[PDB]
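One structure below.
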Amino acid sequence: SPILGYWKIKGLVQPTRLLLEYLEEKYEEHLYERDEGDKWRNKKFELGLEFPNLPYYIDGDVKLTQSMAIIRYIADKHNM
Amino acid sequence: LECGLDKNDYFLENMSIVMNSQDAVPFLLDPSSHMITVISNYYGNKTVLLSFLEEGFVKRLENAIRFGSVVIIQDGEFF
Amino acid sequence: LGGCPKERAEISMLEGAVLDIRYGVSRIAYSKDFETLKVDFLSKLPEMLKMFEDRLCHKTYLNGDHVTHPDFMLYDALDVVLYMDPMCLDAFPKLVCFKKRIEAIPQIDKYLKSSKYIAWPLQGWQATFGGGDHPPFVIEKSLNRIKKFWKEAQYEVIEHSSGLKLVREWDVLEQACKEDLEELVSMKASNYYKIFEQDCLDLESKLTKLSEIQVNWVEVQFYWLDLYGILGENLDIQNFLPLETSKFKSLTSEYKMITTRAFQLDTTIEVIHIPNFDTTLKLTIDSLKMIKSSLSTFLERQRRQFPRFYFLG
């Protein structure tokens, strides 16, 4: 199960979330709660993404941050 | 002359030397500081006077350089 | 495109990430909120630029030994961010290089000097940042350092043996005010500060009022502290001077509320905006000096009664 990091909210990953649900692909979340900012700064830079940021997707050594790099990935994982 | 330079041929030559060429900083020596006012009448408001002995020398010249201020430094002996 | 599918896709990914920065700039550039937004942008910028500084370690250009497309993207961005901040590169020599490297390519360098080059503006002329006819220059950069210093103003505050809290270490802000005020005077000598001129006049009137209250406040602080040694502690001294101690304590109340209201503001500049401050302190110092003068007349009239006291001091 691939890992999707975003605020426990639709935010900048919503489309992607839908696509995933469309391809019936399973995943697990790193959800930032409302007043959970610490937890973020706790992982913010020690994640090894090409640019640290939110949201982030990480699977088979596919580390993506930038909502575009992410969405394109899910899209590409289905030849789209 | 109209500022108050002296009629002397010597003092005209001197002033010409100071003004005409400014690829280098001119060093004025005069016991009677009547020359300090001559340059002041020429550059007017823009004329800012300092001295290498004063406290705020360090900063005031940085302000003078930044905004085109024409500067005369009153104690050339001390540098 | 590059060497292979992988290096070609990598070059495209760089394209994307570069625009996520070049665009980030232009989205806050049309906004009226520019002048304060830049602060938080330039703070984040490092983390983005860093990734490129690394990539540029053991590489001559982005994506290898031959010039690639993403290098021209980042170069546009860079070229634009340096106009906003001249010191965007200073903290990253590897990028300062990458930038000069591009500009060094004979064809490019020959171009920038050619007639074909459109040198400026950076963003559509309407934009707040990098718009308009011709770039301005230093006057703003210095005025920003002045304003920055005054919305950080911090005074050593230390409460002494009794009630009131004292402002220690006067000199530093004392000096800064006078210096930053002399700076604005020298800004009048500059050529391009006529319309930007007006704002500075407002900040000049704000600080010239801060020195108005600075002059009196150090006097008050000194003369109260001095008088406290003399009357604040004993019963015997206040017994001999009853009209004097009844009038000292009345001022002690006022100044106690005036200090604690001014301290909690958290900005010494914000103090000029406070109601009746120059008037209050001018009243306080006047009365404090009438007490000091009354004591002076009392001690000398004490000395004239027993002229030995002249020996004592």
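If you read the protein sequences in the order shown, they are chains B, F and V.
Per the deposited numbering, the very first residue in the first sequence carries number 1; after that it's consecutive.
Per the deposited numbering, the very first residue in the second sequence carries number 3380; after that it's consecutive.
Using the deposited numbering, the letters of the third sequence correspond one by one to residues 81 to 216, 1365 to 1541.
Think of the CB as a built atom: it goes at the ideal place given N, C-alpha and C, for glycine as much as any other residue.
7 Å CB neighbourhood of residue i in its chain, flanking five on each side removed
i                      : result
residue 156 of chain V : 102
residue 62 of chain B  : 73
residue 172 of chain V : 129 and 133
residue 189 of chain V : 183
Contact with chain F by residue i, beta-carbon distance below 8 Å
i                       : result
residue 167 of chain V  : no
residue 1433 of chain V : no
residue 1366 of chain V : yes
Residue i versus the options, residue with shortest Cα-Cα distance
i                       : options                           : result
residue 211 of chain V  : V:1422, V:1494 and V:111          : V:111
residue 3446 of chain F : V:153, V:1368 and V:205           : V:1368
residue 3459 of chain F : F:3430, F:3391, F:3450 and F:3380 : As shown, chain F starts at 3380 and ends at 3458. That puts residue 3459 of chain F outside it, with no answer to give.
residue 30 of chain B   : B:80, B:75 and B:55               : B:55
residue 3434 of chain F : V:1407, V:1483 and V:1511         : V:1407
residue 122 of chain V  : V:193, V:163, V:1539 and V:1508   : V:163
residue 1452 of chain V : V:1418, V:1516 and V:1505         : V:1516
residue 3381 of chain F : F:3417, F:3408 and F:3441         : F:3417
residue 48 of chain B   : B:36, B:33 and B:64               : B:64
residue 1442 of chain V : V:1404, V:1420 and V:1454         : V:1404
Short CB-CB distance (under 8 Å) between residue i and chain V
i                       : result
residue 3386 of chain F : no
residue 75 of chain B   : no
residue 15 of chain B   : no
residue 2 of chain B    : no
Alpha-carbon to alpha-carbon, residue j and residue i
i                       : j                       : result
residue 1423 of chain V : residue 1365 of chain V : 13 Å
residue 3414 of chain F : residue 3384 of chain F : 8 Å
residue 3396 of chain F : residue 3406 of chain F : 11 Å
residue 1532 of chain V : residue 3455 of chain F : 55 Å
residue 45 of chain B   : residue 52 of chain B   : 6 Å
residue 3450 of chain F : residue 1392 of chain V : 47 Å
residue 197 of chain V  : residue 3438 of chain F : 40 Å
residue 1496 of chain V : residue 1378 of chain V : 8 Å
residue 209 of chain V  : residue 11 of chain B   : 29 Å
residue 1374 of chain V : residue 1501 of chain V : 18 Å
residue 1535 of chain V : residue 1525 of chain V : 15 Å
residue 1478 of chain V : residue 1511 of chain V : 12 Å
residue 41 of chain B   : residue 124 of chain V  : 14 Å
residue 1537 of chain V : residue 1513 of chain V : 29 Å
residue 66 of chain V   : residue 167 of chain V  : This structure does not reach residue 66 of chain V, given that chain V is present from 81 up to 1541, and the question cannot be answered.
residue 1469 of chain V : residue 1372 of chain V : 52 Å
residue 3425 of chain F : residue 3452 of chain F : 14 Å
residue 15 of chain B   : residue 36 of chain B   : 24 Å
Closer than 8 Å to chain B by CB, residue i
i                       : result
residue 96 of chain V   : yes
residue 93 of chain V   : yes
residue 90 of chain V   : no
residue 183 of chain V  : no
residue 1402 of chain V : no
residue 87 of chain V   : no
residue 1461 of chain V : no
residue 127 of chain V  : yes
Close beta carbons around residue i, own chain, < 6 Å, minus the five adjacent residues each side
i                       : result
residue 1491 of chain V : 1385
residue 160 of chain V  : 202
residue 178 of chain V  : 136
residue 59 of chain B   : 2
residue 4 of chain B    : 27, 29 and 57
Residues near residue i by beta carbon distance below 8 Å, same chain, minus five either side
i                       : result
residue 175 of chain V  : 129, 132, 133, 136, 158 and 169
residue 1484 of chain V : 1391 and 1392
residue 114 of chain V  : 108, 208 and 209
Chain A within 8 Å of residue i, Cβ atoms only
i                       : result
residue 3382 of chain F : The chain inventory of the structure shown lacks chain A, comprising the protein chains B, F and V.
Quiz item: Using a Cβ cut-off of 8 Å, which residues of the stretch 3437-3449 of chain F contact any Cβ in chain V, in chain order?
Solution: From the stretch 3437-3449 of chain F, only 3438, 3439, 3442, 3443, 3445, 3446, 3447 and 3448 have a Cβ closer than 8 Å to chain V.
Self-check item: Near-chain B residues of the stretch 129-148 of chain V (beta-carbon distance less than 7 Å), N- to C-terminal order
Solution: Considering only beta carbons, the part of the stretch 129-148 of chain V lying closer than 7 Å to chain B consists of 131, in chain order.
Quiz item: the stretch 55-76 of chain B: which residues have C-beta closer than 7 Å to a C-beta of chain V, in chain order?
Solution: Answer in chain order: 66, 68 and 69.
Self-check item: Proximal residues, the stretch 94-120 of chain V versus chain B, C-beta separation under 7 Å
Solution: Those residues of the stretch 94-120 of chain V that come within reach of chain B (Cβ to Cβ, closer than 7 Å) are 96, 97 and 100.
Practice problem: Below 9 Å between beta carbons is the criterion; list the residues of the stretch 1405-1427 of chain V that meet it against any residue of chain F, in chain order. | Solution: Answer in chain order: 1406, 1407, 1410, 1411, 1413, 1414, 1415, 1416, 1417, 1418, 1419 and 1421.
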